[PDB]
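Reviewing the structure listed below.
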Amino acid sequence: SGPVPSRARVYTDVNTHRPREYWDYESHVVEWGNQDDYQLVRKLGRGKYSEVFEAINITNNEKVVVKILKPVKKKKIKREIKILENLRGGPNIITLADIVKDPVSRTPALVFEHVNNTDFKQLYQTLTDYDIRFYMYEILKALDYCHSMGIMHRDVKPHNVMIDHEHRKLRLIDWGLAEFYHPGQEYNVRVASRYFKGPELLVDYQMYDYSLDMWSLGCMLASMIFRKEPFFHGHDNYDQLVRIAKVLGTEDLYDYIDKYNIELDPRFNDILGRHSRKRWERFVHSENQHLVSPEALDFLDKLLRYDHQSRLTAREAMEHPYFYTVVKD
Ligand SMILES: Cc1nc2ccc(S(=O)(=O)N3CCC4(CC3)CC(NCc3ccc(-c5ccccc5)c(Cl)c3)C4)cc2s1
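Following the entry's author numbering, the numbering of the sequence shown begins with 2 at its first residue and continues without gaps.
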């Protein structure tokens, strides 16, 4: 008789209490600026949904970032715009400045605040345990905020975190996969990058919530403290769950599937096998030891849980001992 339903343990009804317009993005009419206000300077990157440029607003000579969209359905563009507008001003959320159209290419372009992104090399060689805790706390502020505002990012990963290290500035970007949380709603599981997908996605449990983001965050944390990117390295979606199971163990996985009456693909029945839960100590070595503490491992353990309901919330995570020194500042 099908899967057991689930509700977010926090911020469950935040959208129900808002005016319809807040979440009903299909109804949104896009406010369009003047394309001619921006001159493109240089290409910064390409990202499947878009090409990203540094530009200048010739109205006031401010440096800006332009994300020119590849073709996507108008509803998905409206969704991303509405979410960016709802979250604008929130802690560490990228600021959408403007929205334009090339009136010949009909391509829509989002115009953002400029953040300088310090080079991976000069940063990932020169981080420190404190820095990781600090930036993780900054990400948690953005996640608690967006969750509190009824939105799930659904694509938390290093690529979507900008850091300007010189200014100790962090921004969560790429809100193109984010969605409003509504109690009872069945979502598309085919989101997020393979390595960061929650067990709920991999077993096709659609009634998920903000807690998805907390799994992804745990994946990020593991990759940083252990110096292993990606941490869970699956070869496809099936093997991705196997890689998780080889660490978290199969007993808890099967407990989760039982609790929610989830129907596993019969393919999985072959490849999952039986796996012990591993101690985190097997990923520690001389090179990463300076990043790993009892507190880090306790925190990580409490993010990486099959059962979405048992993961730390963003606000609980922020209260964890791993962050006591950062909070003191
Ligand atoms: C509104 C927009 N403006 C821009 C500007 C540039 C571009 S981009 O395409 O040129 N590009 C810049 C580089 C990145 C990809 C995007 C973001 C980087 N993060 C890696 C990272 C992330 C996090 C950490 C970290 C994590 C935890 C603790 C400490 C550090 C650490 Cl150590 C590293 C890679 C896209 C956009 S969208």
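We put the CB at the ideal spot given by N, CA and C, even for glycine.
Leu41 is the residue among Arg306, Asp99, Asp299 and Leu41 whose C-alpha sits nearest the C-alpha of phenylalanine 54. A distance criterion of 6 Å places the beta-carbon of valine 162 in contact range of ligand 1, judged by its closest non-hydrogen atom.
The residue from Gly48, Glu114 and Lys71 with its alpha-carbon nearest to that of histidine 160 is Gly48.
Within the chosen limit of 6 Å, ligand 1 does not reach the beta carbon of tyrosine 131 with any heavy atom. Note on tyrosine 125: under 16 other CB atoms within 10 angstroms of its CB, so exposed under the neighbour-count rule. In the structure shown, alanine 9 adopts coil according to DSSP, grouped into three states.
For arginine 43, no alpha helix (DSSP H) encloses it; the enclosing beta strand (DSSP E) starts and ends at 39–47. No Cβ-Cβ contact shorter than 7 Å links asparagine 87 with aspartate 165. Closest by C-alpha distance to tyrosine 323, out of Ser294, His309 and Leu313, is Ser294.
In this structure, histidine 183 sits near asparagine 16, with a CB-CB distance shorter than 7 Å. In this structure, DSSP gives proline 200 a helical state, which the three-state scheme calls helix. Under the three-state reduction of DSSP, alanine 110 is assigned to strand. Between the stretch 28–37 and the stretch 101–116 there are three or more C-beta pairs closer than 8 Å, enough to call the two in contact.
If you check the CB distance, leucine 249 and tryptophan 176 do not come in under 7 Å. Counting only the Cα atoms, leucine 218 lies some 9 Å from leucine 305. Taking non-hydrogen atoms of ligand 1 into account, the C-beta of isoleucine 174 is found less than 6 Å away from one of them. Distances from the CB of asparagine 289 to the heavy atoms of ligand 1 are all 6 Å or more. Within 10 angstroms of the beta-carbon of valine 105 lie fewer than 16 other beta-carbons, which makes it exposed. With at least 16 other beta carbons inside 10 angstroms of its own, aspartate 156 counts as buried.
For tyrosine 12, same chain residues with a beta-carbon under 6 Å away, outside a window of 5 residues either side, are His148 and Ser149 in chain order. With a cutoff of 7 Å on beta-carbon distance, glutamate 201 and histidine 309 are scored as near each other. Distance from the CA atom of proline 72 to the CA atom of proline 109, rounded to whole angstroms, is 9 Å.
For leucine 249, the enclosing alpha helix (DSSP H) stretches over residues 238–249. The beta carbon of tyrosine 188 lies closer than 7 Å to those of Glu180, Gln207 and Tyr209 in the same chain, with the five residues before and after it left out. 7 Å or more divides the Cβ of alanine 223 from the Cβ of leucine 171.
Less than 7 Å divides the Cβ of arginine 228 from the Cβ of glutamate 288. Rounded to the nearest whole angstrom, the C-alpha separation of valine 112 and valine 65 is 7 Å. For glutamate 55, DSSP records a beta bridge to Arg43 and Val66.
Under DSSP, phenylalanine 181 forms a beta bridge with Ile152.
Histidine 154 counts as buried, since at least 16 other C-beta atoms from the protein chains shown sit within 10 angstroms of its C-beta.
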